[PDB]
Amino acid sequence: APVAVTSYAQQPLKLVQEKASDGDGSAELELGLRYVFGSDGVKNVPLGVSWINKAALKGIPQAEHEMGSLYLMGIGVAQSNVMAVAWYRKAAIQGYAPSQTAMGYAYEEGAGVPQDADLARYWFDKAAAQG
């Protein structure tokens, strides 16, 4: 699921935890990704959701996208197509290509939005223009 690659990739866990507590949004996202998707030694989904959410509340598009994927799949949160689109929309409107693609699939099937094939193409083509 996770498509985000933060600047704290492959950094030691102790450094990520310290910078996350200081307010570094990139470190909050990296710590949340490790708690949610990491191995059993560091896995802690409820804590990771709060760290991903803290980075997403700062407007970080990579963090807003992951919040949408959490609500879309119901990982650590109650599954919600509406809330998934709410987070995807915030990242897609900033130009984040993975969220623009997610917006396209939402309009194609009508998940969290009224089904609209032309609006699906609008968001699909927006991600295509960045390739």
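Residues numbered from 1 in each chain as written, not as in the entry; some residues may be left out. Heavy atoms only, no water.

- Where the PDB entry is consulted, the protein chain appears under the name Sel1 repeat protein, with the organism given as Oxalobacter formigenes OXCC13.
- Per the PDB header, the title for this entry is "Crystal structure of Sel1 repeat protein from Oxalobacter formigenes".

Things to note about helix 5 (residues 81-92)
Now for step 1: With 12 residues, helix 5 ought to run about 16 Å at 1.5 Å a step, and its terminal C-alpha atoms sit 16 Å apart, in line with that.
Now for step 2: Taken residue by residue, helix 5 has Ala84, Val85, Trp87, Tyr88, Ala91 and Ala92 as its buried positions. Each buried residue of helix 5 lies within a common arc of 165° when the element is viewed along its axis, so the set occupies one face.
Now for step 3: Summarising the contacts, the buried residues of helix 5 are in contact with helix 3 (45-56), helix 4 (61-73), helix 6 (97-109) and helix 7 (117-128). (Helix = DSSP H or I, 4+ residues; strand = E, 2+ residues; numbered from the N terminus. Expected span 1.5 Å × (residues − 1). Buried < 20%, exposed > 50% of the residue type's maximum accessible area, 1.4 Å probe, protein only. Arc of directions from axis to C-beta. Contact = heavy atoms within 4.5 Å.)

Here we look at the nonpolar core
Now for step 1: Formed by 26 residues in total, the largest nonpolar core has its most connected members in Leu29, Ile52, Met67, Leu70 and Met103.
Now for step 2: Counting only elements with at least two residues in this core, the list comes to helix 2 (25-37), helix 3, helix 4, helix 5, helix 6 and helix 7.
Now for step 3: Examining the composition of this core, we find that five residues originate from one element, helix 5, more than from any other.
Now for step 4: For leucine 70, the residues in contact, after removing those within four places along its chain, are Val36, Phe37, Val49, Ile52, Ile75 and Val77.
Now for step 5: Membership of the second largest hydrophobic core comes to eight residues, among which are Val16, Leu31, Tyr35 and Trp51. (Core = buried A, V, L, I, M, F, W, Y, C linked by side-chain atoms within 4.5 Å.)

Points about the environment of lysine 90
Now for step 1: Note on placement: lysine 90 falls in helix 5.
Now for step 2: The spatial distance from the C-alpha of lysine 90 to the C-alpha of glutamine 100 is 9.8 Å, given a sequence separation of 10 residues.

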